[PDB]
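Asks:
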Amino acid sequence: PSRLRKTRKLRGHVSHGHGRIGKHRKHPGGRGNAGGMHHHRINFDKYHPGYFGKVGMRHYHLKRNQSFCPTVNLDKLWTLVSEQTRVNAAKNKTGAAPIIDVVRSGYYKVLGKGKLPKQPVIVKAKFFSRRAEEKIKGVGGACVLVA
Amino acid sequence: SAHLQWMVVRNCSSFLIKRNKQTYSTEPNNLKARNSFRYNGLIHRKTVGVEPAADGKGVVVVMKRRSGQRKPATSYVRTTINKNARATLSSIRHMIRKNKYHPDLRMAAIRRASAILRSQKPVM
Amino acid sequence: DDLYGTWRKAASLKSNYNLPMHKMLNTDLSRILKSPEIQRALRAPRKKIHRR
Amino acid sequence: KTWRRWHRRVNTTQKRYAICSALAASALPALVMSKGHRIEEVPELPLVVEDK
Amino acid sequence: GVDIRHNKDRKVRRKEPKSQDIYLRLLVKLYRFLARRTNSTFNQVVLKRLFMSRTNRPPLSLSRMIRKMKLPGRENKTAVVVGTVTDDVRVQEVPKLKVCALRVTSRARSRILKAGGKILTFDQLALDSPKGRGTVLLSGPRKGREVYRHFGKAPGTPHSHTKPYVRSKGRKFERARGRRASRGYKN
RNA sequence: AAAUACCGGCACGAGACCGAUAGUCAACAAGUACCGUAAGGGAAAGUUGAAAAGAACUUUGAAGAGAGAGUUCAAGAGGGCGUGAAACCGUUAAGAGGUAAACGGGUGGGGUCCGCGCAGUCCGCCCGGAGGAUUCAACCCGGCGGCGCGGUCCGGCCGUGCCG
RNA sequence: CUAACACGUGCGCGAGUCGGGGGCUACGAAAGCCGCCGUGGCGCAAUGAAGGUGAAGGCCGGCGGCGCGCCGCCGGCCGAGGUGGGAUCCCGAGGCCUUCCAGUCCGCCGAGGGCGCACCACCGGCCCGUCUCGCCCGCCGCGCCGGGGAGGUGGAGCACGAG
RNA sequence: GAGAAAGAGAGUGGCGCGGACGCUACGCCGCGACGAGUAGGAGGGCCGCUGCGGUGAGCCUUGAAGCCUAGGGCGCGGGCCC
RNA sequence: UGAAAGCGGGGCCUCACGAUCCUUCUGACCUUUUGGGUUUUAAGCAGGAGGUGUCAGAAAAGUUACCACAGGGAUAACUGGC
Ligand SMILES: [Mg+2]
Ligand SMILES: [Mg+2]
Ligand SMILES: [Mg+2]
Ligand SMILES: [Mg+2]
Ligand SMILES: [Mg+2]
Ligand SMILES: [Mg+2]
Ligand SMILES: [Mg+2]
Ligand SMILES: [Mg+2]
Ligand SMILES: [Mg+2]
Ligand SMILES: [Mg+2]
Ligand SMILES: [Mg+2]
Ligand SMILES: [Mg+2]
Ligand SMILES: [Mg+2]
Ligand SMILES: [Mg+2]
Ligand SMILES: [Mg+2]
Ligand SMILES: [Mg+2]
Ligand SMILES: [Mg+2]
Ligand SMILES: [Mg+2]
Ligand SMILES: [Mg+2]
Ligand SMILES: [Mg+2]
Ligand SMILES: [Mg+2]
Ligand SMILES: [Mg+2]
Ligand SMILES: [Mg+2]
Ligand SMILES: [Mg+2]
Ligand SMILES: [Mg+2]
Ligand SMILES: [Mg+2]
Ligand SMILES: [Mg+2]
Ligand SMILES: [Mg+2]
Ligand SMILES: [Mg+2]
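Chains as they are written, first to last, in the working numbering: chain A, 62 to 208; chain B, 6 to 129; chain C, 4 to 55; chain D, 49 to 100; chain E, 4 to 190.
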């Protein structure tokens, strides 16, 4: 809506909000990101450090599908499987641990962040953190690998 | 309820007219005919309206009942008062006061009935 | 109610929809302000105009 | 130009909120007369007619 | 002539919400009355938090709800946010709670009413406790938004751990001269 | 082959577009008139009225052009003619005039129109004087409506309430 | 005017969110609908050049290991920081008179004392890189193998979402 | 409206049928102090133009848009109504 | 080094010096070299150096009286001013 915009208030004002001394000229500092190391070096080093230079190994034909390994945390591990399984696991006197296939939900790797509630599991994953598998051992439960 | 539909009607109603720095409202059951919350007649459960009769003389008084709120045909009851100016006003005063029927409009209806009857008695 | 659900039955003819809950339920503000639950817990209404 | 952004896309849930509000306000008598429909002789305005 | 400056002569607060919905303004019409005709300073805080923005009413989640209720002393106490009681999925147990909020997420409503608590809203809070007697007022994390990581002392500057605005995070995107002792200088 | 692209062509439809200095250069005898040796450059220009009923006839002048008459609702629509503004100009009326004119504040004088001014407001209650009514209060019958809530009447329906 | 970005605001939903591409059924080239059309985008995890790794712990019992009174491994228990300031609230020594005394209930005020939101400051803690010190553990392959701790230090991190 | 933290608090024992205005709560009212301004920033416009969805049982050949005016006027003003 | 307390990570103190990209050297039984492995090679990571004296760091000769453009009274060639 131009009815709400600034130019409706700037009619009659002879400089249109850009000044009389410094007129609204076309490109006073160069076009685009110009003058990185010359006259805007103060801006590109007070606000974008690291912008100039090369670092690291060039990897030519990179494929983002080879390195697909999404993660899940243990405090949202039980959010993969419906509530009835963990309720029946809390009610079961046998010790039958529920089986949770994280790959079926769509996470290849299990990392261990949160507190995991004290009832057993069979967590099968494609990878494991060190702390995640020992939290699963500390609640008492198995870490099954799958390819 | 009432306070939500007032905040809908208050600026968006077809009965509202706004010109010459004055705001009005032309719903049929409005006393003092002005856009406010007390006087708007479409909203409330209980509502007094004063209209001139279908005949040239007489004042009809409109009372909104409590039961058919969503039923517009059986909501408003009419009563026609073709009497002298004193007893017309005492009738409207007794209907609003002693029935406990929306007592803030008790004087505005008497003002309106007094303005209708002055127009119905003949021109000078 | 089949299309747009109910407040406890969901939308049967949509996939996953339910009516949006209110932000206040008892809307009739006159009965809330004229209520003995509130009218007790108020200070005295000072309404004497004190002109200059 | 022709490639002015002519169209607007609205979220589905508030598209549904809008028609729920329209339907729910089409049941109140004050909100229909203030819209302008002369209605005062209707039997009941959430008005259901025979399926015939 | 008077020797005073007028720079801060206009105080800058809100006195009505910038929203235009009618239910929030009916809540405002209620708490204007309950804030000037009670001596409770709870009603002034509720009135002031009804004015605020979406970013000044951040959502308080359920696992912080229950955590700030598990403190001693505040048992069988109702508890009030002005924003949104969202669900938190990384919590299994949920005690019974007496929550009072503007809008609760449907999954959090199911979670609380399954545990057997009850969900008031503010027009019910006014009838239940007009002076706010026996409430616990809470608020979400106001610095929880990610835009408070771009703020403060600028990057490219010693002892300033500020996330810079980078169009795509990688090894090529602002790693090179300001960020390393090898190439240029480190900060 | 298909899904794909289409400011050219044939035939269509539509528009939160422009409305004759806008929208194509072009609403019209427009890539026309015109300019340039040439390649090429390239405009301006819509509207009488419902219907021509487009002013018969008389009279001055050689004629353009008038004065009458007539058409029309209207010539205050008369063949580039709807509306007909501004700058500028003619004439009439009023007023003024030696520091160019013009301007701000303050009044004064003269105009021009308006107040439909030009014996000046009404409105309640009380008192008195003359009147005229099919006249009030209380009762009876019928209809309609509202609610110390019938402490607790009978019957329904609903719960974004619970249980069996 | 189109596109990208940043912040502030209003709206819907909310650890999710969004059909924008496709499809199904005059105004309407609209509108509705999909959900085994969430492919996908952004977000929920960071760090490292990279191989990669990838976000609390504490207590008890047994077994100069002895000249880990400090645990290698198991059984049980508590369990997800602290300090200061902190809007709100919670408790209540006493008291708010009608003729005076005893004397209950409701409301209110208040000395003093708490549980402390958000946020700020500080101290801790955890993840990734790096450096130093040092001892212990694992087995299908006892190896130029793998895991671990303590102390600094580099990070756009975590520390009960906020998109 | 009253110089003094708090109840015009409940309980137990010795005729005449009457009472102005109000409150578009985005409304109305009450006090106090203040008002300069270029470059610039912001707010409010019941200032104005053109078109679109609603609406005014709007206006209009018993004369709309436009144009003129020594007429009556309103608003600080943009402008507007006769 | 001094017996030791201690002193010393250049010059008694105030100056004596240089980013990105690129090259060269040094370092670790280091990482990658792309389907697996071995070996060269290259790419990396960390630390010096090769230098930008216009010293926060373009790679750079003149002439125009045949001259052109955008500007400047921010600025000379006249008067006038102090
Ligand atoms: Mg200005
Ligand atoms: Mg500007
Ligand atoms: Mg200028
Ligand atoms: Mg400038
Ligand atoms: Mg300058
Ligand atoms: Mg510019
Ligand atoms: Mg330079
Ligand atoms: Mg002054
Ligand atoms: Mg000033
Ligand atoms: Mg200021
Ligand atoms: Mg069409
Ligand atoms: Mg033209
Ligand atoms: Mg024209
Ligand atoms: Mg043209
Ligand atoms: Mg023309
Ligand atoms: Mg013309
Ligand atoms: Mg005419
Ligand atoms: Mg004409
Ligand atoms: Mg003409
Ligand atoms: Mg003269
Ligand atoms: Mg910016
Ligand atoms: Mg924002
Ligand atoms: Mg992306
Ligand atoms: Mg000023
Ligand atoms: Mg040393
Ligand atoms: Mg090979
Ligand atoms: Mg020469
Ligand atoms: Mg020149
Ligand atoms: Mg000189």
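All C-beta atoms, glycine included, are put in the ideal place defined by N, C-alpha and C.
Quick one: which chain D residues come within Cβ less than 7 Å of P39/C?
Replies: Near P39/C there are no residues of chain D at all, since even the closest Cβ is about 28 Å away, more than 7 Å.
Asks: Roughly how many angstroms separate the alpha carbons of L36/C and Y26/E, rounded to a whole number?
Replies: Between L36/C and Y26/E, the C-alpha separation is close to 16 Å.
Asks: Considering only their Cβ atoms, is the gap separating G111/A from residue 206/E smaller than 8 Å?
Replies: Nothing can be reported for residue 206/E, as the shown portion of chain E is limited to 4 through 190.
Asks: Less than 8 Å separating the beta-carbons of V205/A and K187/A?
Replies: Against a cut-off of 8 Å, the Cβ pair of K187/A and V205/A comes out as no contact.
Asks: From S95/B to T79/B, what does the alpha carbon distance come to, in whole angstroms?
Replies: Each residue's alpha carbon lies about 26 Å from the other.
Asks: Let's test the definition: count the other Cβ atoms within 10 Å of the Cβ of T41/E and tell me whether it reaches 16, buried, or not, exposed.
Replies: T41/E should be labelled buried.
Asks: At what residues does the beta strand (DSSP E) containing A186/A begin and finish?
Replies: Its beta strand (DSSP E) spans residues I183 to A186.
Asks: Can you find a C-beta in chain C that's less than 8 Å from the C-beta of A58/B?
Replies: So, not an interface residue.
Asks: So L22/C contacts chain D; which residues on that side make the cut at Cβ distance below 7 Å?
Replies: Simply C68.
Asks: Is the segment 17 to 36 of chain B touching the segment 194 to 202 of chain A, taking contact as three or more C-beta pairs under 8 Å?
Replies: No, the segment 17 to 36 of chain B does not touch the segment 194 to 202 of chain A.
Asks: Tell me the DSSP secondary structure of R83/B in three-state form.
Replies: DSSP places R83/B in strand when its eight states are reduced to three.
Asks: Could you check if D4/C is buried or exposed, using at least 16 other CB atoms within 10 Å of its CB as the buried criterion?
Replies: Answer is exposed; the Cβ neighbour count stays below 16.
Asks: What number of angstroms, rounded off, separates the C-alpha of residue 1/E from the C-alpha of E40/C?
Replies: It is not possible to answer for residue 1/E, since the shown part of chain E is limited to 4 through 190.
Asks: Alpha carbon to alpha carbon, what distance is there between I82/A and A38/E?
Replies: Distance between the alpha carbons of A38/E and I82/A is about 52 Å.
Asks: Figure out for me which residue from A208/A, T146/A and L172/A has the closest Cα to the Cα of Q180/A.
Replies: Closest by alpha carbon: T146/A.
Asks: Please work out which residues of its chain come closer than 7 Å, Cβ to Cβ, to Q127/E, disregarding the five sequence neighbours upstream and downstream, and give them in chain order.
Replies: Excluding sequence neighbours, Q127/E sits near nothing in its chain.
Asks: As an exercise, report each continuous alpha helix (DSSP H) stretch of at least 4 residues that is fully enclosed by the segment 111 to 186 of chain A, in chain order.
Replies: Taking only runs of at least 4 residues, the alpha helix (DSSP H) segments lying wholly in the segment 111 to 186 of chain A are 144 to 152 and 163 to 166.
Asks: Looking at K185/A and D162/A, is the spacing between their C-beta atoms short of 8 Å?
Replies: The answer is yes: Cβ separation under 8 Å.
Asks: Looking at the secondary structure, which residues open and close the alpha helix (DSSP H) in which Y29/B lies?
Replies: Note, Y29/B: premise wrong, no alpha helix (DSSP H); beta strand (DSSP E) at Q27 to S30.
Asks: Taking only beta-carbon atoms, is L32/C less than 8 Å away from chain B?
Replies: Yes, because at least one Cβ of chain B sits closer than 8 Å to the Cβ of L32/C.
Asks: Give me, in chain order, the residues of the same chain whose beta-carbon lies closer than 8 Å to that of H107/B; leave out the 5 immediate sequence neighbours on both sides.
Replies: Cβ within range, chain order: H49, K51, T52, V53 and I101.
Asks: Report buried or exposed for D24/E, applying the criterion of at least 16 other Cβ atoms within 10 angstroms of its Cβ.
Replies: Exposed, by the Cβ-count rule.
Asks: Go through its chain and collect everything with a Cβ distance to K23/B's Cβ below 7 Å, but skip five positions before and after it.
Replies: Counting only Cβ-Cβ distances below 7 Å, and skipping sequence neighbours, we find nothing.
Asks: Within the segment 49 to 81 of chain B, note down every full beta strand (DSSP E) run reaching 3 residues or more, in order along the chain.
Replies: Counting whole runs of 3 or more residues, the segment 49 to 81 of chain B contains the beta strand (DSSP E) stretches 53 to 57 and 64 to 69.
Asks: If you measure from the CB of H74/A, is any heavy atom of ligand 2 nearer than 7 Å?
Replies: Every heavy atom of ligand 2 is 7 Å or more from the Cβ of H74/A, so no.
Asks: Please classify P94/D as buried or exposed, where buried requires at least 16 other C-beta atoms within 10 Å of its C-beta.
Replies: Counting Cβ neighbours within 10 Å, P94/D comes out exposed, since fewer than 16 surround it.
Asks: Just the residues with CB closer than 7 Å to a heavy atom of ligand 2, in chain order, which are they?
Replies: This criterion selects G78/A and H79/A.
Asks: When you compare each of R183/E, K175/E and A179/E to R119/A by their alpha carbons, which one comes out closest?
Replies: Looking at the Cα atoms, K175/E is the closest of the given residues.
Asks: Among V85/E, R136/E and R35/E, which one has its Cα closest to the Cα of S56/E?
Replies: Checked all of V85/E, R136/E and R35/E; the closest Cα to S56/E is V85/E.
Asks: Thinking just about the alpha-carbon of each residue, which of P77/D, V97/D, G84/D and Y65/D is nearest to the one in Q10/B?
Replies: For the residues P77/D, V97/D, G84/D and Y65/D, the minimum Cα distance to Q10/B belongs to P77/D.
Asks: Indicate the three-state DSSP secondary structure (helix, strand or coil) for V88/E in the structure shown.
Replies: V88/E: strand per DSSP, three-state reduction.
Asks: Provide the residue span of the alpha helix (DSSP H) that contains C68/D, from first to last.
Replies: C68/D -> alpha helix (DSSP H) spans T60 to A73.
Asks: In chain E, what lies closer than 8 Å to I52/C by C-beta?
Replies: What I52/C touches in chain E: nothing, since even the nearest Cβ is about 17 Å away.
Asks: Does DSSP put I69/E in a helix, in a strand, or in coil?
Replies: Looking at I69/E - three-state DSSP - the assignment turns out to be helix.
Asks: CB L47/B to CB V14/B, shorter than 8 Å?
Replies: Going by C-beta atoms, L47/B is nearer than 8 Å to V14/B.
Asks: Indicate, with yes or no, if ligand 3 has a heavy atom lying under 7 Å from the CB of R40/E.
Replies: Checking every heavy atom of ligand 3 against the Cβ of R40/E, none is found closer than 7 Å.
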